[PDB]
Amino acid sequence: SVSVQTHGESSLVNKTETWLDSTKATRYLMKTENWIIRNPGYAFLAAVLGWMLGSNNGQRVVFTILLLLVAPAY
Amino acid sequence: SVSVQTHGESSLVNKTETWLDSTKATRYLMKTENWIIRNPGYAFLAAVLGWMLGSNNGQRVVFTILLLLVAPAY
Amino acid sequence: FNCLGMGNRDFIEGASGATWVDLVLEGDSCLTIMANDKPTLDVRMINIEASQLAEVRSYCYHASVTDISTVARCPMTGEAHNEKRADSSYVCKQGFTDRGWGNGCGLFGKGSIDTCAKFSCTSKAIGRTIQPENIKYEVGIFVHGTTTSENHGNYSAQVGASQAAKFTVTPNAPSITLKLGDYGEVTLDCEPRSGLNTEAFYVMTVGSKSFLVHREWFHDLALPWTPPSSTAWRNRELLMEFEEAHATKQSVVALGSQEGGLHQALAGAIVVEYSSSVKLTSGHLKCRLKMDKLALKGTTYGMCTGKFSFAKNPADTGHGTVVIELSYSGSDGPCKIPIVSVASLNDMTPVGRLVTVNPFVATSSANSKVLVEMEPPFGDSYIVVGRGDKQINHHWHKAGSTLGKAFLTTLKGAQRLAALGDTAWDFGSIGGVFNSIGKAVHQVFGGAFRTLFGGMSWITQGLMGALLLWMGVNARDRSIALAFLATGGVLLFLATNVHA
Amino acid sequence: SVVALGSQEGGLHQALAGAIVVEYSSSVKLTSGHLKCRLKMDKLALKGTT
Amino acid sequence: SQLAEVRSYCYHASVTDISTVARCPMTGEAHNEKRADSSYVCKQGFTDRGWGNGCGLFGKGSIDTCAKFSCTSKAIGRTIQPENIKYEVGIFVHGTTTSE
Amino acid sequence: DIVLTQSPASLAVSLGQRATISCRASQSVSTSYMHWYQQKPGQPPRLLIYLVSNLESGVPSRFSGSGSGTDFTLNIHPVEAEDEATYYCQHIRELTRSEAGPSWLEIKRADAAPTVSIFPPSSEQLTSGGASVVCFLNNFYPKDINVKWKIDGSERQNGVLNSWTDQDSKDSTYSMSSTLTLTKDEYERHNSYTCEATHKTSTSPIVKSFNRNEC
Amino acid sequence: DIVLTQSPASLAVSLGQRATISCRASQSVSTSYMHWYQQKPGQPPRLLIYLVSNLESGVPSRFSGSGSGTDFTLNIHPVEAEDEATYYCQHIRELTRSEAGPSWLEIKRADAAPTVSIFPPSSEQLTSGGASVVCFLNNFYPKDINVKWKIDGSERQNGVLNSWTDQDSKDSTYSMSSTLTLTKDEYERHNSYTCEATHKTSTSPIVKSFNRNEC
Amino acid sequence: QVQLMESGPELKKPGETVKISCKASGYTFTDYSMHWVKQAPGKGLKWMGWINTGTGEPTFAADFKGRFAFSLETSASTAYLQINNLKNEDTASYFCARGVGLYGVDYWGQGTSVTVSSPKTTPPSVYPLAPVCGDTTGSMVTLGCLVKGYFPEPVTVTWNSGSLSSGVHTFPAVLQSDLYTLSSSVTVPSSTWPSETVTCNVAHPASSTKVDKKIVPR
């Protein structure tokens, strides 16, 4: 489709200004943030899950903050 | 963008056929797979870290399959 | 106006105890109301029509870069100056031209450029809002009396037959009463204030058509956009691009039409058609039928004394009952039409009930066609019409035996509960106690939770529940079900409701 | 009725990310170079040493 | 120089000649002559019939809904001939020079 | 925000001929939502076509709206003496609503010269001290004409008032009035008084003149 | 972008009198870094005051620049016949650099009327087919004057060509030429050719005319 | 039979205020928009704006913002264009337009031409225009009526009480010092003038002056 599945990144020779570059960095964080910015109600309930389980401290967060990004656009 | 963060879903009133319907159903799984199917070498390394840490069996699996989703839409 | 052959036709169970019922009805669905003394009533929204709509803002989804002007300055001249910043029609961009002694300057590698390109929109698109004072509700109401395959399908006829009516309710004038003539008068008490949320969204024109978009989400559209009236825009650069500075030369280039993206950007959106007004399709409305003056003609007329005939052969609804149409040979009309639903020929006991109550020949006219429906029961039954062998019968079978229907009753409830949220409890019409708190159970709860983690679509929140599954098996006793409640249902339910 | 999606050309540009701007009329002129050439300085001299 | 095109794409296509060819409930899938011209594209379907609309059986139907396909605006790729590969190399050696 | 232009400005036509009247959406793609409006002079305009592709009920099928979204056309394949009118087209996709510079249907005919008659100020006006030299240019087709007032060989464009009929219902010509208003002092400080008019029927000005010294 | 405006545009003065030439900085506070540039006609400019407050070396202390940062003045308390000139003020605080519309030093004197002489086109010129009616309006102070070419009583502004001296080195008057250039055909088709000169010394135009029919 | 009935054309002065009534008929009033379109006397349709019919909320075009009041009366379905601080530009035929909205405006107020200007009603100065030798074209001696300096329009200029419309071109009345001149040209054969009376008859209902001027030769 014209939506996702872009040629980026080519990365074959091509040491140059790409067609669209800076906007590609803001794809992943913002629109996933924007949704959880859209639903802080999710952000309230989301990160509590990992700390409920395993009692393993530092890795209990591995679920939390990373599953936050999982929610937008699956 | 134009492509991402659609009105989907309205979910108001609506027992009806939406403007774009079957898309939103298969948007998630396919493009996530179609990327990781495109990169099978990416896929297997995700199964490693789930067993690497947490040592709890049944919740070790939670890391892996949830990470397969991550890299699509990062 | 009628329920005849309608796609969603779900009959209405009179509990009696009132001539009034609070109702929730929709554009697609038709509601068929049977009650004591109260004949079979068709109630359906025609559509939801918001009359006068205002443009909330505008968006340019396709732009054209015009008049690219790059004013270059020497290295260390710092900020470049291209005066087109004084014209908002232009888009200006600072920058630099890397230099040798050869190109344009007496130093190396640095420079300054001010790149101004006149913005011009190639194609723009507009969202619009709805003032509920402009909302209509077109509700065709009907009652099953003497009917044909035509009149019962032709409202103009049943206008004269006075079995059907159409109308509009507003937050101004929520309630209306309407007469059925011979059958008397009924009342509808609506809440067009409560029917939709007019401000839950906008009406977004994308291409010729317009579409529903959450007005929160609608502003969130990232794209060159517009004062609802006219001109001065925001981020109009997002359709435009830039280049290198080769000497002074740099070009701003506009993206092609993003309309396709706009369509892509519309998933949950709903097709809406402006005419003089938008006509919305999906109904959500809360009205109160009141039947106190609805009555029954025909109790005096005698049993029709002559050969009946199928004007059309016995056929099931698909909604669970069998409708026929009778052309009646006898001229004894107007006459009460003998007909029943019995189990076996060898038994005379009526088993099923009349969909269309009190079948009535309208006139003495020979072979005058009368379209009537009854309810067959489960298994085998017989449509039986008339008395004495000039009567005719016909076999019927309906395999829907109560168990499966009990699910169709029950399991539809959950489908009727979820996705209708709090408003699902007017299916509990003439409620109180049980059903009243039943709303209040979901009322304050549904206004949180399901909506708080809402905005997730299909598997997203479904997989969340799928991610919530193992917390049921991994838990402590009496704490197992606590984290397990939101797992199944209300979450996977809507995620199972749409499979796919 | 049948309804066509809006022109995806802008989306085509969106479908472009790491795309390479090239100008093809009857021929393409490519910008980013990759090549391996062996210079040979044998006949290369120094003028001016006189 | 001379580069070959594997295909074309249509990013903007027009809906043309919408033709719905209808049948009764249970009379089966409809066909359209428009399926004999690939320029035309058809889709089947069904719409419920009461005795109010057109048919005896309640709740079904058949339709063949069509559209002539036309590509309004089309997109195209090109493969490069590896023999057409040219490398145009400006080469310079520093002797006496000026700015110009 | 979005602008329109409707061509021609006017079209002299044989009634029954097909005169297609163009229109175009300067901005965006108006898509649907342009509408054709006939205004006969001194009327509220009569809406012709809706969505620019669809006849109203009261307008006959002779009107054909056509064109898509950046461009539109008002076609009357049988233009008529009734189709004589001031035609409009309106992008509605965006408030502000606006119109294109309209298109008139003129009924074509033979070219007619102005009947040009230069009336010196009547004694009634000469007694008033004001002096208006009034030149009536009657029944010219086309409307395309230029009047000039020459005085003692020096053309005077001052005190010049022009009032002309429209396409003249029977002969479908145009009649005009040229008027040279003078102070009777300047009217009598100068002598030769001329309305010359170059009209498409004549390669030269059509000269009607008097001197006060003449009669 | 910073503007200066230097008032007046000119001042007619007695030499030795104090004629102060104002200036103002439209923008910012220019503070210092304004100047005064004397440029007499046909000269490179000559800088007078610097920082708006300070003489250059060559310019004598009669010149005084004054004013601070939004407003400025160029004073010469003894303006002179040598000070007769065009003066400029220049904001230097910013690039771009610009110059205010000047003030001139004119030497005030008795008001003199133009000696006005209307020469028909030379018979030498008439033989060429061109006809230029020259009207020489001479020795008038001040320069305030106007030419009006009247033809057969109908004033013609066409073919008029004006050339005038400056403040006239001896009497400090001004002299002017008014040249009415006609085609000898229209020169011969009209008769009275009248240049009339209104001047501050004259409540009316100074009328100089010839009817070609006269001699 | 949806009809938009406005107020009548109204003569006004600058500094005044005018409210054009538009009563709407033939339809449920609340259900459409209500639009206003300025047609300047010589200029094409310039859309003034619209007011909500249900809500009664006006919105104006940028040019029309701030001097103008869109007001509705719900029950009798009367839209109103009100123009405040009247100005000469406020002279024009104004049109309420029932919105079919994105489908444009379907119907139209019968028109109201406001006329905003200072002058006071003044009678015409009417001149029987006697042709000269250069004014005789073929059989026809063109004759004329010079109507001069009247306010306001119209004057009704006939010829021998209108018995001559035949060679009659009555040319449009135009402004002079906020007063009006139409010049009517009857074209009559030299056999009918000055053998028959040809008299331009100028009736000015505003100044109540009916002015009959017979053209007799000079």
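Looking at the entry header, you'll see cryo-EM listed as the method and 4.6 Å as the resolution.

1. A few points about the overall build of chain D
On a plain count of helices and strands, chain D comes out with one helix and two strands. Each helix and strand of chain D, ordered N terminal to C terminal, gives the series α-β-β. Rg of the C-alpha trace for chain D: 24 Å, well past the compact-globule value of 10 Å for 50 residues, more than 25% over. A buried classification covers 24% of the 50 residues belonging to chain D. Accessible area of chain D: about 4000 Å², with a carbon and sulfur share of 57%.

2. Regarding the interface of chain A and chain C
Chain A puts 15 residues into the contact, and the matching count from chain C is 14 residues. Contributing elements (two or more residues each) for the side of chain A that touches chain C: helix 1 (22–38), helix 2 (40–46) and helix 3 (48–52) of chain A. Sorting elements by how many residues they give to the side of chain A that touches chain C places helix 2 of chain A first, with three residues. Split by residue class, the side of chain A that touches chain C holds 12 nonpolar, two polar and one charged.

3. Some details on the interface of chain H and chain F
Contact residues are listed per partner, giving 46 residues for chain H and 50 residues for chain F. When its residues are assigned to classes, the side of chain H that touches chain F shows 22 nonpolar, 20 polar and four charged.

4. Digging into the sheet that holds strand 3 (residues 62–76) of chain E
All names here are of chain E. An order of 1-3-2 is seen for the three strands of this open sheet, with the pairing classed as antiparallel. Pairing within the sheet leaves two strands with one partner each, and these edge strands are strand 1 (8–23) and strand 2 (40–45). Going across the sheet, the axis of each strand differs from the next one's by a mean of 25°, ignoring polarity. As paired elements, strand 2 and strand 3 share six bridges and run antiparallel to each other. Considered in strand 3, the bridge of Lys43 is made with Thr65.

5. Notes on the arrangement of the chains
Where the 12 pairs of chains in contact are concerned, the greatest contact count is recorded for chains F and H. In this view chain A stays clear of chain G, with the nearest C-alpha atoms of the two still 35 Å from each other. Chain G makes no contact with chain C, the minimum C-alpha separation between the two being 11 Å.

6. Overview of the pairing of strand 18 (residues 202–211) of chain G
All names here are of chain G. Summarising the sheet, strand 17 (residues 192–199) and strand 18 pair through eight bridges and their orientation is antiparallel. Bridge assignment links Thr194 to a residue of strand 18, and that residue is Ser209. Linking strand 17 back to strand 18 in an antiparallel pair, the connection comprises two residues.

7. Let's talk about the state of the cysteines
Residues and elements named next belong to chain C. The tally for this structure, following the rule as stated, stands at 13 disulfides over all chains. In this model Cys304 forms its disulfide with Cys335; the gap between the sulfur atoms is 2.0 Å. An S-S torsion of about 100° defines the bridge between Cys304 and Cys335 as right-handed. Here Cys304 is found in the loop between strand 17 (285–294) and strand 18 (310–316), whereas its partner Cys335 is found in the loop between strand 19 (322–328) and strand 20 (339–342), with 31 residues between them in sequence.

Parameters and conventions
- Residues numbered from 1 in each chain as written, not as in the entry; some residues may be left out.
- Chains lettered and ligands numbered in written order.
- Part of a larger assembly, values for the part shown.
- Heavy atoms only, no water.
- Residues with missing side-chain atoms left out of burial classes, pairs and counts.
- Helix = DSSP H or I, 4+ residues; strand = E, 2+ residues; numbered from the N terminus.
- Rg over C-alpha atoms; globule rule 2.2 N^0.38 Å.
- Buried < 20%, exposed > 50% of the residue type's maximum accessible area, 1.4 Å probe, protein only.
- Areas by Shrake-Rupley, 256 points an atom, 1.4 Å probe, with all protein chains shown as cover.
- Contact = heavy atoms within 4.5 Å.
- Nonpolar A, V, L, I, M, F, W, Y, C, P; charged D, E, K, R; others polar.
- Pairing = 2+ DSSP bridges.
- Axes fitted to C-alpha atoms, helices over the stretch in contact; angles between N-to-C directions.
- Disulfide = S-S within 2.5 Å.

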